Every structure is written in C-alpha cells, then in structure tokens.
Number of protein chains: 2
Amino acid sequence: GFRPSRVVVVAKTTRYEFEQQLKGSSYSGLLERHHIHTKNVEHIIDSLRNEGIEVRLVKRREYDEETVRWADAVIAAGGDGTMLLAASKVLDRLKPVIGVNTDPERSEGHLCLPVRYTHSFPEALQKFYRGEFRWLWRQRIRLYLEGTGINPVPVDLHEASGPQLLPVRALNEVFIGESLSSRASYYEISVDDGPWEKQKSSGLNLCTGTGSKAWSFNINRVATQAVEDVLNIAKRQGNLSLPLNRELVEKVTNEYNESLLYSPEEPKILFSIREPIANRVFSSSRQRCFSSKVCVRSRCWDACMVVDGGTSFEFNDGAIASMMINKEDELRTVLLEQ
Amino acid sequence: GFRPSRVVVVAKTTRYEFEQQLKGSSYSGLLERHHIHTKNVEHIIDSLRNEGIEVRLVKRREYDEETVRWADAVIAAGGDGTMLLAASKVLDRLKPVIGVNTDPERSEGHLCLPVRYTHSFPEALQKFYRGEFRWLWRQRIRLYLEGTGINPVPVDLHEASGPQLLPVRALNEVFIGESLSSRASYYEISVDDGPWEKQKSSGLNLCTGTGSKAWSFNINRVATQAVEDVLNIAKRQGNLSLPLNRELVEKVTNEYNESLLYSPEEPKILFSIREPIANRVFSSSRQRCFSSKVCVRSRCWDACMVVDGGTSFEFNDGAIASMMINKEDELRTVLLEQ
Ligand SMILES: NC(=O)c1ccc[n+]([C@@H]2O[C@H](COP(=O)([O-])OP(=O)(O)OC[C@H]3O[C@@H](n4cnc5c(N)ncnc54)[C@H](OP(=O)(O)O)[C@@H]3O)[C@@H](O)[C@H]2O)c1
Ligand SMILES: NC(=O)c1ccc[n+]([C@@H]2O[C@H](COP(=O)([O-])OP(=O)(O)OC[C@H]3O[C@@H](n4cnc5c(N)ncnc54)[C@H](OP(=O)(O)O)[C@@H]3O)[C@@H](O)[C@H]2O)c1
Ligand SMILES: [Ca+2]
Ligand SMILES: [Ca+2]
C-alpha cells in the first residue's frame, strides 16, 4: 500500500484565468469550464486533507523542483497537458506522479486516473492505501546535445562542445523541425549507430510507448477510406478475392492502427519521418521504425527540438542531438480499476 | 507561334549570394552550386538577346509588378520556388510565365521546362516561334478575408468587416495553421457551403492540381510498407486470397498514390486535414476531398494562412477566410517536348 503524507497538487490554468490575467467564442462556456475545474480541484484537496495529508496547491508558475522535493507524491490536476507539465519536473524514478482529469467532458485525460475518481477521490486514496493498484513505470526519452554553435538552454513554450544532458525528459515525444511551418526541414539521421542518412521533410517525431497514442498516432494512422481504396485496388489489380464490406474495412483499419501503439513500459523509441519529400533530387528511406537510439545532425536554419509540446531547444546547422532511453528516467505512475 | 519582344527574367538568389550578403557543410559545394546557376542564367539571357529580345534580369527584391507590366513574358530562372515567386506577381491570365531549371542536379523543376532546354534554350525559343508547344493554364486559388480583428496585409516570408480579396493567388496551395509547430490548430470548416464542422489538427492544406504533387502529396501518400501491412492484415482477417509479392505491393501502392494527383487545369480544390486528432473529446470527419469552395473560420491563437510557402497572412480567432477558383486567376504556362 501507498499513503503519502505530503503532496503537491499542480492545477492547470483555465481559459477564464487566462483572460482574467464577451464576444461569442468564449465566456458563457468559459466560465462554466472554469467552475467545473475549480469544483474538482477543491474535491481533490478536501479529500487529501481529510486523510490527514498535507497539501500544497500550486499553478504552473509556482510548480518548482523545490516543491517536488518537499512532496512525497505529485498530483497533476487538469488534463494530459497537466500530467506532462508535472512529469517535466520529476526526474526520480521513485517519486509517484498521479493525474486527475478535472474536466472530463473536455479533457481526454489518457495519462490520468479513470474519470470516476474525479468526483470519487477518497475511493482512490483508499485503493492506494490498501494496495489495490499496480505501479506503472512509463519510459521516457533523454536528450543529449553537442556540436558547434549550440545553445542548450530550455525555452518554456507556455511562457565545438561535447555531449551535455538536457534538463527535461520526453514522456510523449521529441519533435524536431524548423520553426516556420512551411519551411521544409533538412538533417541527417543515424538510427542505432547506423549510417548517416540525409532527410528532407516536415520534421521528425520520436515518441515513447506513452507517446505512441499522441502526436505519433495522428502522423501515422491511416483513414478508413484509404484502406477501402487500397483494398479496392487489390481487386482490380489481380482479383484478390474477398468481400469488402463496411464491417471488414473498419476492422482491417483498426488492426493497422493498433500496430502503431506499443506498451508504455517498453524501452524503445518509435521514430517517424513526418511528410518526407522524395522526387528526383531527394530520396528518403523508411517512414517509421522502432529503435533504441536516434542521433540527428541539424542542417536547419531556424529549428527547434520540442519536448512534450512544452520545452523547446535551439537546433540549427552544426548541432547534433542524441536521444536514448535510460532506466533512471522512468516515471512512476499508478493504475486503478474503473 | 509566340515571340515576345520584351522579357523579364527573375533569377533565384543562390546560397553563395546569401552568405555573401568555410565550415564543412558549405562553400566547396556552394560555390560550384553558384557557378552552375550563373552559367545557365547567362545562357538564357544571351540566347534571348540573340533572338533580338529585350531582356531585364532581376533578383527577387527588384522583381515587381511594374516590371511584369513592362514585359511581354516572365521567365523564372531557378527552380519551382522561383516559378512560384514569378507567379505570385502575375495576375493576368494572358501573360506567359515560363520556368527554366538552372540547377537540375539540385532543383526538381517540375513547373519548369524540361531539363534539356536549360543548356539548349535557343531550341526552346525556336519551338515557341514555330508554335511547337501547347498553352497550359494552371488553375490557382484566390483568398478572401472577413470577420473581426483581421489583418489582411501580406507578409513576405523570404524577408466587423466584409470580404476583401487578398493580393496573391495560390499556385500550389494555401496552408492554414498555428505558427508554433507543436501547437494544435483549432477552426471550423465549411466545404461547398455545407455545415460548419469543428476540427482540431496540425493544420489544413488546400492545393490546386499543380499543388497536388507538392506538399499535399507528402501529407497523403502511403508508404509501400503500410500497403504491405494492410494487405497482410486482409489475409489473416478473412483469407483475402492473392499472392502478395514485392512487385504487387509496389503496384498497388503506386495506384493509390496517383489517385492523389489531378490535372493542373481542373478547377477544383483538394483539401486535406493534416494530422487530425480524434479521441473521446474531439471528433473529425473526412481526411481529404475535392471541392470548389472551402470556408474556414479561425479559432486560433497565433496562426497564419501561407500561400505557396512565400506569402503569409494573419488568421486568428474571429477571422473567416474563403477560398475558391476563378478563371481570371489562371496562370498561362507552356508545354514543350523533351
Ligand atoms: N496533430 C496532433 O496530433 C498533435 C499536434 C500537437 C500536439 N500533439 C500532442 O499533444 C501533446 C501535448 O499535449 P497538450 O495537452 O499540452 O496539448 P493538446 O493540444 O491539448 O493535446 C492534444 C490532445 O492529446 C491528448 N494527449 C496528450 N498526451 C497524450 C498521450 N500520451 N496519449 C494520448 N493522448 C494524449 C491531450 O489530452 P487532454 O485532452 O487530457 O489534454 C489532447 O486531447 C504533445 O506532446 C503531442 O504529442 C498532437
Ligand atoms: N513536407 C513537404 O512536402 C513540404 C514542406 C514544405 C513545403 N513544401 C512545398 O514546397 C512549396 C514551396 O516550394 P519552394 O521551392 O519555395 O521550397 P522547397 O523546400 O525547395 O520545396 C520542396 C520541393 O518541392 C518541389 N515543388 C515545389 N512546387 C512543386 C509542385 N507544384 N509540384 C511538384 N513539386 C514541387 C520543389 O522543387 P524545386 O527543387 O525545383 O525547388 C522542392 O524540390 C510549397 O508551396 C509546398 O508545397 C512541401
Ligand atoms: Ca491539453
Ligand atoms: Ca526550392
């Protein structure tokens, strides 16, 4: 069983708090969105204090490493974005990090406790107390940086030198690309210490098993129409039998897309070349594959390495990044029944 | 036949000229890249003057509408990027625009004359003179902007109000998305005056037939591995017969990908939702389809409408853009044998 005496709760900033800091696309829904989150944060904190747990409630600007150190456990109160924020400042594989979905009608909360615990949190505490749960260590990617002209200083997106460790780990993915959305990205890639291979594309995505359902899923999943087309082509071009139906096309589609998801516990990186350009002057290889190690040498003008959509690093011509998975970067999370 | 007496040649700026305005990723190749382009520009201009044609050679900063007006024809001397630059300032469907690939080992030049004419330009002039060619009018998209808080002023990326016409046409595509590469984009889309539909994704691409081979192709094409997987799934899940082989998988792949390309002359927009997010809180519809008309209402924080990778417009919450295809926006281009 597991009973912290000391807990920091990191709560997301709501849209309403943002504007506080009408037209027609806000206010009415926004204030109700704010009341729901606040009602649920209060339920979490009241429930913790009723178990005798000391609690510090902070917003993003006050969530710091000192407070993580003070705490026995971190609770992210918001959505998956709030889990990523919480994980960004936890580097100890023994420190539990737990997510509570505070607006389940608008937050997916895939990294969070099942939705029932949002308004039944004492039930979650008791399940923890009795050990009716399992530890889940989610693998994360660490980033090294070397080369010429490099700038290793992290930028917080929510407002010749040897390899040095960058101060965040990726729980979802590392995205590498030019800052301008229409500017093709140019680099060289070494996978598992293999040969260097020039790529031109709209960026690279390097995700964990946790991240396999996030950005990586939407880069790689095929539409049920595309599957329907591919199958119809296979009839014309060789009468590949079968009866294609509504049911079958969805099925085969779903089987393909599940192949893109893998276990959060497996220490492997799924890397995807995002929208590669082939034609007669460039040539690309595989679109995606698993690996333990990816090294990227920047050839970019004004590009960034973005960790979990939250922390950005400069990555221009001369910079060399290496990504791997290290056991000491595992993020300690919990699994409850729903 | 077709014999201009007055011609403006727009020549790209080379990398060397850029730096002029070594390590290891430049110079050696860069100066040879520069000599090749310059040698070919001189051949073009010498050939024109030898036909008695008056010629003004300009770089991007001096390419203006006045000079287009002066000219009987525009020649873009570079790659497809130089064709797009040239087309950006031509709004008259009667003014010929012709592209010459000045570095065919590094420029694809899909919008340009066949590579042989790069060093055999008098042959192209004579073919023009004798009418051994066909006019190709490439359809282009025009952009209207309305709404609240809008800013219709174009930004040149290479350094309550009613609908107003934006001053460029898209020869390849209009891209719409948030400026930050990791920030999901949010908007509502009306296709052919249909119902408004909320989307969340990494942007929208709205291309012409000319643009169908560019960005749109790499957003939508499927990998030969994915086809191989989809086919193998169809065996397991219903023994859909056939013998899958190296040959067959490439074939079916190629048939699918050709379905993404359409004629530059056809007045239809192929629009693609780029990396839509579905899950349990959002829901998307079709990934791509043809249309005559797409209206997009921005819900974005800090987004842009990017025309042919060269001209950018602000497009944040309150802005409403409508895209269509108008005959007076056709771009007059030529077709030569190779
Ligand atoms: N086109 C795309 O798919 C795209 C574009 C940009 C970013 N992203 C992803 O969004 C992450 C940043 O999340 P954010 O909440 O700060 O911004 P966000 O725009 O709210 O994220 C988009 C959605 O993905 C969900 N999500 C986040 N991490 C996930 C995971 N590991 N597995 C499954 N779903 C997940 C989020 O859930 P909640 O509703 O609980 O927030 C959200 O509904 C990034 O690391 C990136 O992976 C995806
Ligand atoms: N991931 C992607 O596929 C991606 C990302 C950004 C932009 N783009 C495309 O590139 C366009 C801007 O071109 P750029 O030359 O200024 O930058 P660029 O990075 O040099 O364009 C990428 C390549 O596409 C080729 N291309 C351009 N227009 C084409 C067309 N209509 N059909 C077939 N190929 C075409 C270019 O040919 P050249 O070698 O002759 O220049 C170039 O090789 C944009 O409108 C957009 O469509 C694609
Ligand atoms: Ca979120
Ligand atoms: Ca180019």
Side-chain angles (χ1 to χ4, degrees), chain A residues 139-141 170-177 184-223 226-227 230 252-264 266-278 283-296 305-308 321-325, chain B residues 181-182 201-202 215 217-233 249-250 252-253 256-257 260 272 274-278 287:
Chain A
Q139 305 297 317
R140 303 191 286 180
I141 295 164
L171 172 63
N172 271 358
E173 76 277 306
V174 185
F175 177 76
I176 296 186
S185 296
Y186 204 73
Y187 27 67
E188 307 170 358
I189 310 181
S190 176
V191 182
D192 285 326
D193 292 309
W196 285 103
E197 245 179 308
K198 284 195 215 219
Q199 291 290 334
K200 200 161 201 125
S201 69
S202 292
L204 325 171
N205 192 80
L206 296 78
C207 72
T208 61
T210 291
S212 69
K213 303 85 163 139
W215 207 351
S216 182
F217 189 68
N218 304 309
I219 292 165
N220 288 300
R221 64 194 258 247
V222 314
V227 159
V230 173
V252 47
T253 313
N254 291 355
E255 186 143 333
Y256 182 83
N257 292 327
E258 238 290 350
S259 66
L260 300 167
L261 314 178
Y262 62 111
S263 159
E266 177 161 332
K268 291 284 216 118
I269 302 171
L270 183 44
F271 101 105
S272 306
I273 325 283
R274 180 189 197 218
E275 304 159 5
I277 322 192
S283 51
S284 38
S285 202
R286 284 177 79 185
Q287 225 84 351
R288 108 181 68 98
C289 57
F290 294 107
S291 48
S292 309
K293 175 144 152 210
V294 186
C295 294
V296 171
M305 268 202 307
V306 185
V307 171
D308 300 348
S322 13
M323 270 64 71
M324 44 219 303
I325 293 191
Chain B
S181 51
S182 60
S201 69
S202 292
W215 207 351
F217 189 68
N218 304 309
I219 292 165
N220 288 300
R221 64 194 258 247
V222 314
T224 187
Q225 181 54 222
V227 159
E228 192 167 21
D229 289 353
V230 173
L231 293 189
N232 269 319
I233 299 207
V249 156
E250 324 221 347
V252 47
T253 313
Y256 182 83
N257 292 327
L260 300 167
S272 306
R274 180 189 197 218
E275 304 159 5
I277 322 192
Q287 225 84 351

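All chains are named by letter (A, B, ...) in the order of the sequence lines, taking the proteins before the strands, and each is independently numbered beginning at 1.
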Looking at every non-hydrogen atom in both residues, tell me the closest pair between [X] and [Y] and how far apart they are.
X	Y	result
A/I277	A/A184	CD1-CB, 4.3 Å
B/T224	B/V249	OG1-CG1, 3.2 Å
A/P264	A/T210	CB-OG1, 3.5 Å
A/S185	A/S202	OG-C, 4.4 Å
A/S216	A/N205	CB-ND2, 3.4 Å
A/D308	A/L171	OD2-N, 2.8 Å

With side chains defined as the heavy atoms from C-beta onward, is the minimum distance between [X] and [Y] less than 4.5 Å?
X	Y	value
A/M323	A/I176	yes
A/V174	A/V306	no
A/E197	A/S285	yes
A/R286	A/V191	no
B/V222	A/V222	no
A/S212	A/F217	no
A/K268	A/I325	no

- Task: Report the C-alpha distance between A/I141 and A/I269 in whole Å, list the side-chain angles of each, state the deciding distance to 0.1 Å, and finish with yes or no for side chain to side chain contact (heavy atoms under 4.5 Å, CB included).
- Result: CA-CA 8 Å; A/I141 295 164; A/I269 302 171; 4.0 Å; yes

* What residues form a salt bridge (charged side-chain N to carboxylate O under 4.0 Å, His left out) with A/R274, not counting sequence neighbours? ->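 Salt bridge (charged side-chain N to carboxylate O under 4.0 Å, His left out) list for A/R274, sorted by chain: B/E275.
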
What is the distance from atom [atom1] of [X] to atom [atom2] of [Y], rounded to the nearest 0.5 Å?
X	Y	atom1	atom2	value
B/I233	A/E258	CD1	CD	10.5 Å
A/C207	A/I219	SG	CD1	8.0 Å
B/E228	B/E250	CD	CD	9.0 Å
A/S291	A/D192	OG	CG	5.5 Å
A/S283	A/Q199	OG	CD	8.0 Å
B/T253	B/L231	OG1	CG	7.5 Å

Listed partners of [X] passing side chain to side chain donor-acceptor pair (under 3.5 Å), at least two apart:
X	answer
B/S272	B/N220
A/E188	A/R297, A/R299
A/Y262	none

Q: Kindly indicate, with the supporting measurements, whether the criterion side chain to side chain contact (heavy atoms under 4.5 Å, CB included) is fulfilled by A/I189 and A/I273.
A: CA-CA 10 Å; A/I189 310 181; A/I273 325 283; 3.8 Å; yes

Does anything in residues 187-208 of chain A pair up under ring pair (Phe, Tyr, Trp, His ring centres under 6.0 Å), and if so which pairs, sequence neighbours excluded?
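Ring pair (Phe, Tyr, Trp, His ring centres under 6.0 Å) check on residues 187-208 of chain A returns no pairs.
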
Before you tell me yes or no, could you show the steps for A/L206 and A/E173 under side chain to side chain contact (heavy atoms under 4.5 Å, CB included), namely the whole-Å CA-CA distance, both residues' side-chain angles and the distance that decides it to 0.1 Å?
CA-CA 5 Å; A/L206 296 78; A/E173 76 277 306; 5.7 Å; no

With sequence neighbours excluded, residues passing ring pair (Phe, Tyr, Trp, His ring centres under 6.0 Å) with A/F175
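Applying ring pair (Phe, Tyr, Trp, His ring centres under 6.0 Å) to A/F175 gives A/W215.
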
